[PDB]
> 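The structure follows.
Order of the sequence lines sets the chain letters (A, B, ...), proteins ahead of strands, with each chain counted from 1. Excluded from the calculations below are hydrogen atoms, water molecules and symmetry mates; all remaining heavy atoms, backbone and side chain alike, are included.
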Number of protein chains: 2
Amino acid sequence: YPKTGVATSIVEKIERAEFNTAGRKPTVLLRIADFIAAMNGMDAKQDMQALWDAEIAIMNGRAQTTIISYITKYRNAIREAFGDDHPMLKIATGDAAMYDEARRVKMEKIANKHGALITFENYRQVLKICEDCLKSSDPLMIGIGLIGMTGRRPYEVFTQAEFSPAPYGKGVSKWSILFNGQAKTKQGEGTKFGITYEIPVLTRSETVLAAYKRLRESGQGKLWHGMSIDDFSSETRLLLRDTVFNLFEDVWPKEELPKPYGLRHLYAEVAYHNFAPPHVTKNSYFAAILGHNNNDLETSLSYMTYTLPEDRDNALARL
Amino acid sequence: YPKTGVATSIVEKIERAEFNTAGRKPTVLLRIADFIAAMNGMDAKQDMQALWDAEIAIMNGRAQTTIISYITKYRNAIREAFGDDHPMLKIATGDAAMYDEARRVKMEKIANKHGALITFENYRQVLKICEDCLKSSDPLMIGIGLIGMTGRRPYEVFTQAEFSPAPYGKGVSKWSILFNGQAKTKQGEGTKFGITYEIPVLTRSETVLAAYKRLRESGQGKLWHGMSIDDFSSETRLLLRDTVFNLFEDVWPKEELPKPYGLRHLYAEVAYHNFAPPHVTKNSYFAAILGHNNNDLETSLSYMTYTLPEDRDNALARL
DNA sequence: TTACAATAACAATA
DNA sequence: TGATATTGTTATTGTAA
DNA sequence: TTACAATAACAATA
DNA sequence: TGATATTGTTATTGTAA
């Protein structure tokens, strides 16, 4: 197995950081680069274990959550420099107890949400705003609108989504499009990786598609296209965050602040409300439209966040 | 740690089998008894490993599912004879691959059900039959009726359920009772073990309660009360199975045969349809009424089996 | 002696 | 069933001034 | 040379 | 996150006959 290599992306990041004139020092990326370098020429498992142990020692005061993320960064770096068969991958791991606890925390949060759904009282207004965004000349605005209307993830919409018209007999679907470019997935059976699949839309599909090509043909849309996730975050995350804060500050439910992924939650809640066939559970429908693996009903649980006021009324009406 | 002991329940079962005049020979219980006996005086892990390995060798041609169950029987026997701290418990285990595969199979089945819910067209009739059973003089019939009306498990209803009236301000709830005696659970936080908790009922609570005391005061109801699960199965399972087959043969959906647990599925579907408050998900509501652990939304997935025809209609009515 | 924008760390969610 | 890829939030850095 | 009831094995589900 | 407790189905046994 390779006893030498470099994590190219990390060092490119550091080298780009060499010319900043503002901002935090890239301490973490640095530690990761040093780590990978020190690893060069290492052959003994106890040496590897020692090195990792020092790294884990440094991460001490961080949040459990932060530590899991960081561990992912180191593991991806090792994997990039030395490949998949490097014994350090058996060693640079988190404790099972830590992963287990993260899971417990998460499921508890979700359970808490399921017993106290937030009533999205002004959701029609939110969707209206998103429809209006589809006509803006600012491609960020169009992007947001497309989030609301298609429920695609921001990274998907801005960097890789392929929206297409969807058939319906001999005609074209008014309320559904074809989508390719599912993120957070990898090649496999039952996976939507590189799969084109049909998704409902919350305004006319023509409108959506037109707004999309306008996004893709713009200047900023040309930068965005095919970008990596790190690049995407750096270029757009804070601006998108702020714009969304502002756009929905008045209409969003009081229980939470307006965030981009909010739109993906609402979308699922709205599409189910409007389009769900009768022989299918809410879990199944959500998993279907959100691009989840074939037999995964559990990720859908994360998205049951809101109650639409019509349903709140109707349920209250008994008795 | 104890190097000696006996699995009393197993040998009592064998000794009761000594006087049968009909039926299969208790091969399995026998092998388990011999196993436990051979274990007496054992001190060396390789000897233990060998013994287990022979047992696992015998179980070869059985179904994965059967093998997991059998392994539970051996483990419970070891645990009963020698206690919880016996090193054989580290050895008499199934493979991780086997448990993982069982899980995959299960989730796939559930996923398949969620994308093809069975329309329970005649469910009003089924519930009616169950209401009628509450007036029968045959306590089995009453029991069935109470399954349909309370969604409690058969073992719970026949052997240990404690039904009680539920308050509602200064009055008494018309559509909910108090229940104690949750099975398939053990002492813990967030658990319903020995907890009295409120559950909806699908006919008037008075009716339900009256039918219950009639069940409890009967002769067969006196046998049933406080019985073990093995005793319960042996005494009642095949008769209950047959009676249920017969009672619902004409009205049950064509996609499946009428089984007692069917009534627990339908119950949950009906109660949600009628009683579910607006700020709660179907998963949460099911987990609440079915007695599931506090942060467990996943077991609820097993119960989404049917679509009530009203919902099928209403969903079909768009567009 | 503060503003401010820019950056990556830190952190949560799916 | 081993341990990721997105989204979301804040402390630090450098610079005008 | 079969019926039949009884039993526990075998098996799936939650 | 280690490995159970219920519910559901069928093959074997013994007995009349």
> For A:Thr27, report the nucleic acid contact type (base, sugar-phosphate, nothing); a contact means any heavy atom under 4.0 Å.
sugar-phosphate

> Select base, sugar-phosphate, or nothing to describe what B:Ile68 touches, counting heavy atoms under 4.0 Å on all strands.
base

> Between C1' on F:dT7 and NZ on B:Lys259, what's the gap in Å once rounded to a whole number?
10 Å

> At under 4.0 Å, does any side-chain N or O of A:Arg237 touch on OP1 or OP2 of D:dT7?
yes

> Could you tell me how far E:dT13 sits from F:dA3 if I compare only their P atoms? Round to whole Å.
24 Å

> Taking the six-membered ring of A:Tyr70 as reference, does the cationic atom of A:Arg62 (NZ for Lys, CZ for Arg) lie under 6.0 Å from its centre and within 45° of its axis?
no

> Check whether any side-chain nitrogen or oxygen of A:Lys73 sits under 4.0 Å from OP1 or OP2 of D:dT4, and answer yes or no.
no

> Using a 4.0 Å heavy-atom cut-off to protein, can you give one letter per nucleotide of nucleotides 11-17 of chain F, 5' to 3': B if the base is in contact, S if only the sugar-phosphate is, - if neither?
BBBSS--

> Look at the side chain of A:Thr72 and decide which nucleotide, out of F:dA3, D:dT4, D:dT6, has an atom nearest to it.
D:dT4

> Regarding B:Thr185, tell me which of base, sugar-phosphate or nothing describes its non-hydrogen contacts under 4.0 Å with the strands shown.
nothing

> Rounded off to whole Å, could you give me the CD1-to-P distance for the B:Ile78 and F:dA3 pair?
12 Å

> Rounded to the Å, how far apart are A:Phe245 CZ and D:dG8 P?
9 Å

> Is the ring of B:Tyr261 stacked on the base of F:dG8, with centres less than 5.5 Å apart and planes under 30° off?
no

> If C1'-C2'-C3'-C4' is positive it's north, if negative it's south, so which is the sugar of E:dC4?
north

> Which dot-bracket string fits DNA chain C when only Watson-Crick or G-U wobble pairs with both atom distances under 3.5 Å count, crossing pairs get [ ], and | stands for a partner on a different strand?
||||||||||||||

> Testing the 3.5 Å rule here: is there a donor-acceptor pair between the side chains of A:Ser284 and B:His114?
no

> Round to a whole Å and report the spacing from NZ of A:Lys106 to P of F:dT1.
14 Å

> Determine: side-chain N/O of B:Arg75 to OP1/OP2 of F:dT4, distance under 4.0 Å, yes or no.
yes

> Need two values: the first and the last nucleotide of DNA chain C, 5' to 3', having an atom under 4.0 Å from any heavy-atom of chain A.
C:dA6 to C:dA14

> For D:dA17, tell me north or south, taking a positive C1'-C2'-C3'-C4' torsion as north and a negative one as south.
north

> Should D:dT6 be tagged north or south? The rule is the sign of the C1'-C2'-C3'-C4' torsion.
north

> Counting any heavy atom closer than 4.0 Å, what does B:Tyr99 reach on the DNA or RNA strands: base, sugar-phosphate only, or nothing?
base

> How is A:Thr299 classified with respect to the nucleic acid when contacts are heavy atoms under 4.0 Å: base, sugar-phosphate, or nothing?
sugar-phosphate

> Contact class for A:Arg103 vs. all strands (heavy atom < 4.0 Å): base, sugar-phosphate, or nothing?
base

> Please work out if A:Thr65 contacts a base, only the sugar-phosphate, or nothing of the nucleic acid, heavy-atom cut-off 4.0 Å.
base

> Closest approach of A:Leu239 and A:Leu140, non-hydrogen atoms and distance?
CG-CD2, 3.7 Å

> Do A:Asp34 and A:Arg31 sit within salt-bridge range, that is, some charged N less than 4.0 Å from a carboxylate O?
no

> Students often get this wrong, so: under 4.0 angstrom with heavy atoms, is A:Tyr303 touching a base, only sugar-phosphate, or nothing?
sugar-phosphate

> Out of D:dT10, D:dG2, F:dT7, which has the shortest distance to the side chain of B:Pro154?
F:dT7

> With respect to B:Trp224, which candidate in B:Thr159, B:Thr236, B:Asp231 satisfies the side chain to side chain donor-acceptor pair (under 3.5 Å) definition?
B:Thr236

> How is A:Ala102 classified with respect to the nucleic acid when contacts are heavy atoms under 4.0 Å: base, sugar-phosphate, or nothing?
nothing

> Output the rounded distance in Å from CZ (A:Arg79) to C1' (D:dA5).
13 Å

> Counting neighbours of CG on A:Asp85 that are heavy atoms of other residues, nucleotides or ligands and sit closer than 6.0 Å, is the number greater than 12?
no

> Please report the shortest heavy-atom distance between A:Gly181 and A:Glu156, naming the atom on each side.
O-CG, 3.8 Å

> Which part of the nucleic acid, if any, lies within reach of A:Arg241 when heavy atoms closer than 4.0 Å are counted: base, sugar-phosphate only, or nothing?
base

> Categorise the sugar of D:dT12 by the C1'-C2'-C3'-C4' dihedral sign as either north or south.
south

> From CZ of B:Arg152 over to P of F:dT6, roughly how many Å is that when rounded to an integer?
14 Å

> Does B:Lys186 put a side-chain nitrogen or oxygen below 4.0 Å from OP1 or OP2 of F:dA5?
yes

> OP1, OP2 of D:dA3 versus side-chain N and O of A:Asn76: anything below 4.0 Å?
no

